[PDB]
Amino acid sequence: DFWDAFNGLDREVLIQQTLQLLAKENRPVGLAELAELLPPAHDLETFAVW
Amino acid sequence: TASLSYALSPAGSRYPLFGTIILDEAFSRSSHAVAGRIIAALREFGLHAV
């Protein structure tokens with residue numbers, strides 16, 4: 001459990017990832033598209049962040 | 001949660017007639033496994049949690 005709490009998603013890295021994705025796409029990217037493009041590991045928190 | 005189950009359940013029925021519960025800041029200070037065990041307590045009491 002200590003190592004579960006040890007690691008997870010990072011909000012700021014997700015900010016950078018979304019910035020890169022939406023600069024590359026240069027268009028409205030829906031939630032399903034963002035989840036598919038960005039590899040899902042902590043997908044709940046990525047949806048929340050988006 | 002044990003007491004609220006007590007209050008919410010008349011005798012006879014295994015479940016209280018109102019099964020829902022709400023938790024603000026749920027688990028804001030419990031180690032991950034501790035949170036899991038509390039969740040297990042909720043499930044033992046058989047409640048629908050928020």
# chains A, B, ... in the order shown; residues from 1 in each chain; ligands from 1
$ residues_around --residues "residue A:17" --least-positions-apart "3" --cutoff "12 Å" --atoms "only C-alpha atoms" --output "PyMOL selection string"
chain A and resi 9-14+20-24+34-35+37-39+46+49-50
$ residues_around --residues "residue B:20" --least-positions-apart "4" --cutoff "8 Å" --atoms "only C-alpha atoms" --output "short mmCIF file (atom, residue, chain, number, x, y, z; two decimals) with C-alpha atoms, in the first residue's frame"
data_model
loop_
_atom_site.label_atom_id
_atom_site.label_comp_id
_atom_site.auth_asym_id
_atom_site.auth_seq_id
_atom_site.Cartn_x
_atom_site.Cartn_y
_atom_site.Cartn_z
CA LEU B 47 -24.45 -0.17 2.34
CA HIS B 48 -24.48 1.90 -0.85
CA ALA B 49 -21.84 4.57 -0.28
CA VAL B 50 -20.97 7.98 -1.71
#
$ interface_residues --of "chain A" --to "chain B" --cutoff "10 Å" --atoms "only C-alpha atoms" --output "list in words"
residues 1, 2, 3, 4 and 5 of chain A
$ select_by_dssp --residues "chain B" --states "alpha helix (DSSP H)" --output "ChimeraX atom specification"
/B:2-8,32-45
$ residues_around --residues "residue B:42" --least-positions-apart "3" --cutoff "12 Å" --atoms "only C-alpha atoms" --output "number ranges by chain"
B: 1-5, 19-23, 35-39, 45-50
$ atom_distance --atom1 "atom CA of residue B:43" --atom2 "atom CA of residue B:7"
17.0 Å
